[PDB]
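*Asks:* Okay, handing you the structure first.
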Amino acid sequence: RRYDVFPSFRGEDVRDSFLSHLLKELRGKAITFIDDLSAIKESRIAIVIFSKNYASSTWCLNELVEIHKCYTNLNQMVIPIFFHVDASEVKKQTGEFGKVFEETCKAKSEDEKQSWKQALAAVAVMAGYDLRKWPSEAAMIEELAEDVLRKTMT
């Protein structure tokens with residue numbers, strides 16, 4: 001309830017580009033969001049932006065697990081975005097996305113690797129926004145913002 005939207009993303013991939021356009025569009029519709037774990041359960045909608053290096057951040061991966069928990073236990077709405085990554089690669093941790101993931105997992109416990117793999121497989125099959133299926137970033141973000149606005153009614 002405190003926030004409409006919790007956005008989860010790798011800042012190095014999207015902060016100054018794709019995400020700047022999305023947040024501007026959300027602001028124009030008076031959709032609130034937190035500014036960059038505790039805040040996730042305080043948010044009605046999680047927007048997960050999967051990009052090439054999402055999997056290089058344990059911060060992002062741990063956010064995803066929490067988002068998964070909020071989806072399961074608090075009826076958090078979750079919207080995946082695929083930003084130059086293959087959705088099945090995210091879902092199955094294969095391809096470039098997988099290799100970054102595996103690289104990241106080397107220094108990490110097998111249980112949180114499992115928890116990560118599960119949250120990725122669960123969020124990656126959710127209905128969302130795959131940039132290859134839209135005519136532009138601007139068109140996709142426009143539909144996503146109106147989607148998010150409808151979701152604040154509920």
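Each chain in the structure tokens gets a letter, A, B and so on, in the order shown; residues start at 1 in every chain, and ligands are counted from 1 in the order they appear.
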At a cut-off of 12 Å, using only C-alpha atoms, what residues contact residue 81 in chain A? Leave out same-chain residues fewer than 3 positions from it and give the result as a PyMOL selection string.

*Replies:* chain A and resi 7-9+14+18-19+22+46-52+54+78+84-87+90+123-134+137+140-141+144

*Asks:* Include C-alpha atoms and write out the residues we just selected as a short mmCIF file (atom, residue, chain, number, x, y, z; two decimals), in the first residue's frame.

*Replies:*
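After the write, again_22.cif holds the following:
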```
data_model
loop_
_atom_site.label_atom_id
_atom_site.label_comp_id
_atom_site.auth_asym_id
_atom_site.auth_seq_id
_atom_site.Cartn_x
_atom_site.Cartn_y
_atom_site.Cartn_z
CA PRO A 7 10.93 -1.62 -9.52
CA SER A 8 13.66 -4.27 -9.49
CA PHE A 9 16.48 -3.73 -12.00
CA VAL A 14 18.84 0.49 -17.60
CA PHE A 18 15.12 2.62 -20.41
CA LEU A 19 14.19 3.00 -16.72
CA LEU A 22 9.46 4.20 -17.58
CA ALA A 46 6.62 -5.35 -8.56
CA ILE A 47 8.14 -4.55 -11.96
CA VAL A 48 11.11 -6.75 -12.65
CA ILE A 49 13.37 -5.62 -15.43
CA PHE A 50 15.38 -8.56 -16.70
CA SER A 51 18.46 -7.36 -18.54
CA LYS A 52 21.73 -9.00 -19.48
CA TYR A 54 20.41 -8.64 -13.83
CA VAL A 78 4.33 -9.00 -10.52
CA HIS A 84 17.37 -7.68 -24.54
CA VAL A 85 17.24 -11.03 -22.81
CA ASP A 86 15.42 -14.14 -23.93
CA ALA A 87 12.56 -14.99 -21.58
CA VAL A 90 15.78 -16.20 -17.78
CA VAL A 123 8.54 -14.81 -12.56
CA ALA A 124 9.77 -15.49 -16.09
CA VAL A 125 6.53 -17.31 -17.12
CA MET A 126 4.30 -14.51 -15.84
CA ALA A 127 2.47 -12.36 -18.38
CA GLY A 128 4.57 -9.32 -19.14
CA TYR A 129 6.58 -7.15 -21.46
CA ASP A 130 9.03 -8.65 -23.87
CA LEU A 131 10.67 -5.88 -25.84
CA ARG A 132 11.07 -8.05 -28.94
CA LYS A 133 7.25 -8.21 -29.20
CA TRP A 134 6.65 -4.42 -29.24
CA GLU A 137 10.59 0.91 -26.14
CA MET A 140 5.91 -0.84 -24.69
CA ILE A 141 6.45 1.52 -21.81
CA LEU A 144 2.95 -0.92 -19.37
#
```

*Asks:* Residues near residue 44 in chain A, anyone? I mean within 6 Å using only C-alpha atoms, not counting same-chain ones fewer than 6 positions away, as a PyMOL selection string.

*Replies:* chain A and resi 1+4-5+76

*Asks:* Just N, CA, C and O atoms for this one: save the residues we selected as a PDB file, in the first residue's frame.

*Replies:*
```
ATOM      1  N   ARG A   1       0.785  -1.233   0.000  1.00  0.00           N
ATOM      2  CA  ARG A   1       0.000   0.000   0.000  1.00  0.00           C
ATOM      3  C   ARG A   1       0.822   1.291   0.000  1.00  0.00           C
ATOM      4  O   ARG A   1       0.433   2.268  -0.648  1.00  0.00           O
ATOM      5  N   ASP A   4       2.898   2.177  -4.984  1.00  0.00           N
ATOM      6  CA  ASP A   4       2.236   1.485  -6.089  1.00  0.00           C
ATOM      7  C   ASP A   4       3.154   0.430  -6.691  1.00  0.00           C
ATOM      8  O   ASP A   4       2.750  -0.717  -6.951  1.00  0.00           O
ATOM      9  N   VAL A   5       4.404   0.822  -6.878  1.00  0.00           N
ATOM     10  CA  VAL A   5       5.340   0.044  -7.681  1.00  0.00           C
ATOM     11  C   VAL A   5       6.682  -0.066  -6.998  1.00  0.00           C
ATOM     12  O   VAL A   5       7.274   0.945  -6.563  1.00  0.00           O
ATOM     13  N   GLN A  76       0.934  -9.805  -4.071  1.00  0.00           N
ATOM     14  CA  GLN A  76       1.615  -8.789  -4.840  1.00  0.00           C
ATOM     15  C   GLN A  76       1.479  -9.126  -6.306  1.00  0.00           C
ATOM     16  O   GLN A  76       1.710 -10.274  -6.714  1.00  0.00           O
TER      17      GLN A  76
END
```

*Asks:* In Å to one decimal, how far is CA of residue 65 in chain A from CA of residue 115 in chain A?

*Replies:* 6.7 Å

*Asks:* Which residue is closest to residue 117 in chain A? Choose from A:33, A:153, A:62, A:136 and count only C-alpha atoms.

*Replies:*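 Looking at the shortest contact to residue 117 in chain A, the residue is A:62.
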
*Asks:* May I ask for the distance between CA of residue 25 in chain A and CA of residue 119 in chain A, given in Å to one decimal place?

*Replies:*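 Separating CA of residue 25 in chain A from CA of residue 119 in chain A is a distance of 27.4 Å.
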
*Asks:* As number ranges by chain, please: all residues of chain A that backbone DSSP puts in strand (DSSP E).

*Replies:* A: 3-8, 43-50, 77-82, 129-130

*Asks:* Residues as selected, N, CA, C and O atoms, written as a PDB file, in the first residue's frame, can you do that?

*Replies:*
```pdb
ATOM      1  N   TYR A   3       3.633   2.016  -1.485  1.00  0.00           N
ATOM      2  CA  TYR A   3       4.054   2.289  -2.857  1.00  0.00           C
ATOM      3  C   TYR A   3       3.180   1.541  -3.859  1.00  0.00           C
ATOM      4  O   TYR A   3       2.798   0.392  -3.629  1.00  0.00           O
ATOM      5  N   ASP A   4       2.898   2.177  -4.984  1.00  0.00           N
ATOM      6  CA  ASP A   4       2.236   1.485  -6.089  1.00  0.00           C
ATOM      7  C   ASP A   4       3.154   0.430  -6.691  1.00  0.00           C
ATOM      8  O   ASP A   4       2.750  -0.717  -6.951  1.00  0.00           O
ATOM      9  N   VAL A   5       4.404   0.822  -6.878  1.00  0.00           N
ATOM     10  CA  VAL A   5       5.340   0.044  -7.681  1.00  0.00           C
ATOM     11  C   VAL A   5       6.682  -0.066  -6.998  1.00  0.00           C
ATOM     12  O   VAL A   5       7.274   0.945  -6.563  1.00  0.00           O
ATOM     13  N   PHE A   6       7.172  -1.293  -6.914  1.00  0.00           N
ATOM     14  CA  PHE A   6       8.576  -1.527  -6.589  1.00  0.00           C
ATOM     15  C   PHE A   6       9.300  -1.963  -7.844  1.00  0.00           C
ATOM     16  O   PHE A   6       9.045  -3.046  -8.359  1.00  0.00           O
ATOM     17  N   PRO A   7      10.227  -1.141  -8.330  1.00  0.00           N
ATOM     18  CA  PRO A   7      10.932  -1.618  -9.518  1.00  0.00           C
ATOM     19  C   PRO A   7      12.214  -2.324  -9.172  1.00  0.00           C
ATOM     20  O   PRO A   7      13.017  -1.762  -8.427  1.00  0.00           O
ATOM     21  N   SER A   8      12.414  -3.522  -9.707  1.00  0.00           N
ATOM     22  CA  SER A   8      13.657  -4.275  -9.494  1.00  0.00           C
ATOM     23  C   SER A   8      14.447  -4.332 -10.802  1.00  0.00           C
ATOM     24  O   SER A   8      13.910  -4.754 -11.846  1.00  0.00           O
ATOM     25  N   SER A  43       4.890  -2.562  -1.268  1.00  0.00           N
ATOM     26  CA  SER A  43       4.565  -2.177  -2.656  1.00  0.00           C
ATOM     27  C   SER A  43       3.491  -3.055  -3.297  1.00  0.00           C
ATOM     28  O   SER A  43       3.562  -4.293  -3.259  1.00  0.00           O
ATOM     29  N   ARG A  44       2.521  -2.429  -3.949  1.00  0.00           N
ATOM     30  CA  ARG A  44       1.438  -3.203  -4.538  1.00  0.00           C
ATOM     31  C   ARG A  44       1.870  -4.020  -5.753  1.00  0.00           C
ATOM     32  O   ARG A  44       1.406  -5.147  -5.968  1.00  0.00           O
ATOM     33  N   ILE A  45       2.767  -3.459  -6.548  1.00  0.00           N
ATOM     34  CA  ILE A  45       3.136  -4.074  -7.821  1.00  0.00           C
ATOM     35  C   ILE A  45       4.633  -4.119  -7.951  1.00  0.00           C
ATOM     36  O   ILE A  45       5.277  -3.084  -7.811  1.00  0.00           O
ATOM     37  N   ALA A  46       5.187  -5.268  -8.324  1.00  0.00           N
ATOM     38  CA  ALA A  46       6.620  -5.349  -8.562  1.00  0.00           C
ATOM     39  C   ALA A  46       6.877  -5.376 -10.070  1.00  0.00           C
ATOM     40  O   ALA A  46       6.325  -6.186 -10.778  1.00  0.00           O
ATOM     41  N   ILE A  47       7.749  -4.508 -10.556  1.00  0.00           N
ATOM     42  CA  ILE A  47       8.139  -4.547 -11.961  1.00  0.00           C
ATOM     43  C   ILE A  47       9.563  -5.000 -12.027  1.00  0.00           C
ATOM     44  O   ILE A  47      10.452  -4.318 -11.576  1.00  0.00           O
ATOM     45  N   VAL A  48       9.779  -6.159 -12.608  1.00  0.00           N
ATOM     46  CA  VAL A  48      11.112  -6.752 -12.653  1.00  0.00           C
ATOM     47  C   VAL A  48      11.657  -6.567 -14.064  1.00  0.00           C
ATOM     48  O   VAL A  48      11.081  -7.051 -15.067  1.00  0.00           O
ATOM     49  N   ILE A  49      12.752  -5.840 -14.146  1.00  0.00           N
ATOM     50  CA  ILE A  49      13.366  -5.619 -15.434  1.00  0.00           C
ATOM     51  C   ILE A  49      14.559  -6.548 -15.616  1.00  0.00           C
ATOM     52  O   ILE A  49      15.643  -6.336 -15.048  1.00  0.00           O
ATOM     53  N   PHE A  50      14.327  -7.611 -16.390  1.00  0.00           N
ATOM     54  CA  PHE A  50      15.383  -8.559 -16.699  1.00  0.00           C
ATOM     55  C   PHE A  50      16.200  -8.006 -17.828  1.00  0.00           C
ATOM     56  O   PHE A  50      15.677  -7.774 -18.917  1.00  0.00           O
ATOM     57  N   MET A  77       1.137  -8.121  -7.105  1.00  0.00           N
ATOM     58  CA  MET A  77       1.119  -8.287  -8.566  1.00  0.00           C
ATOM     59  C   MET A  77       2.544  -8.137  -9.089  1.00  0.00           C
ATOM     60  O   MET A  77       3.258  -7.242  -8.673  1.00  0.00           O
ATOM     61  N   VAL A  78       2.955  -9.008  -9.997  1.00  0.00           N
ATOM     62  CA  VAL A  78       4.326  -9.002 -10.516  1.00  0.00           C
ATOM     63  C   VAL A  78       4.335  -8.941 -12.035  1.00  0.00           C
ATOM     64  O   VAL A  78       3.673  -9.728 -12.703  1.00  0.00           O
ATOM     65  N   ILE A  79       5.102  -8.029 -12.579  1.00  0.00           N
ATOM     66  CA  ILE A  79       5.165  -7.827 -14.020  1.00  0.00           C
ATOM     67  C   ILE A  79       6.619  -7.921 -14.469  1.00  0.00           C
ATOM     68  O   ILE A  79       7.428  -7.064 -14.138  1.00  0.00           O
ATOM     69  N   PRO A  80       6.949  -8.967 -15.204  1.00  0.00           N
ATOM     70  CA  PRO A  80       8.282  -9.095 -15.769  1.00  0.00           C
ATOM     71  C   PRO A  80       8.420  -8.319 -17.063  1.00  0.00           C
ATOM     72  O   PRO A  80       7.461  -8.191 -17.848  1.00  0.00           O
ATOM     73  N   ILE A  81       9.613  -7.780 -17.243  1.00  0.00           N
ATOM     74  CA  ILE A  81      10.021  -7.111 -18.459  1.00  0.00           C
ATOM     75  C   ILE A  81      11.278  -7.783 -18.934  1.00  0.00           C
ATOM     76  O   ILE A  81      12.175  -8.064 -18.129  1.00  0.00           O
ATOM     77  N   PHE A  82      11.339  -8.076 -20.222  1.00  0.00           N
ATOM     78  CA  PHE A  82      12.544  -8.653 -20.798  1.00  0.00           C
ATOM     79  C   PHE A  82      13.167  -7.628 -21.706  1.00  0.00           C
ATOM     80  O   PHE A  82      12.605  -7.254 -22.717  1.00  0.00           O
ATOM     81  N   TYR A 129       6.176  -8.103 -20.435  1.00  0.00           N
ATOM     82  CA  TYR A 129       6.579  -7.152 -21.464  1.00  0.00           C
ATOM     83  C   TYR A 129       7.919  -7.540 -22.028  1.00  0.00           C
ATOM     84  O   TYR A 129       8.986  -7.284 -21.454  1.00  0.00           O
ATOM     85  N   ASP A 130       7.838  -8.206 -23.165  1.00  0.00           N
ATOM     86  CA  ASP A 130       9.032  -8.655 -23.865  1.00  0.00           C
ATOM     87  C   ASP A 130       9.291  -7.675 -25.001  1.00  0.00           C
ATOM     88  O   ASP A 130       8.534  -7.612 -25.953  1.00  0.00           O
TER      89      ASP A 130
END
```

*Asks:* Considering only C-alpha atoms, can you say which of A:110, A:105, A:29, A:138 comes closest to residue 17 in chain A?

*Replies:*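 Nearest to residue 17 in chain A: A:138.
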
*Asks:* Please report, as a PyMOL selection string, each residue of chain A to which DSSP assigns alpha helix (DSSP H) when run on this structure's backbone.

*Replies:* chain A and resi 11-14+18-27+58-74+87-92+95-105+110-124+137-152

*Asks:* Which is closest to residue 38 in chain A among A:118, A:63, A:102, A:58, if we use only C-alpha atoms?

*Replies:*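 For residue 38 in chain A, the nearest of the given residues is A:63.
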
*Asks:* Report, in Å with one decimal, the straight-line distance from CA of residue 55 in chain A to CA of residue 98 in chain A.

*Replies:*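 So the two atoms, CA of residue 55 in chain A and CA of residue 98 in chain A, lie 7.9 Å apart.
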
*Asks:* I need the residue nearest residue 21 in chain A from this list: A:139, A:111, A:64, A:36. Use only C-alpha atoms for the distance.

*Replies:*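 The shortest atom-to-atom distance to residue 21 in chain A comes from A:139.
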
*Asks:* Ranking A:40, A:34, A:74, A:26 by minimum distance to residue 146 in chain A and counting only C-alpha atoms, which one comes first?

*Replies:*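 Comparing A:40, A:34, A:74, A:26 against residue 146 in chain A, the winner is A:26.
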
*Asks:* Find, counting only C-alpha atoms, the residue in A:37, A:148, A:56, A:68 that gets nearest to residue 106 in chain A.

*Replies:*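 Checking each of A:37, A:148, A:56, A:68 against residue 106 in chain A, counting only C-alpha atoms, the winner is A:56.
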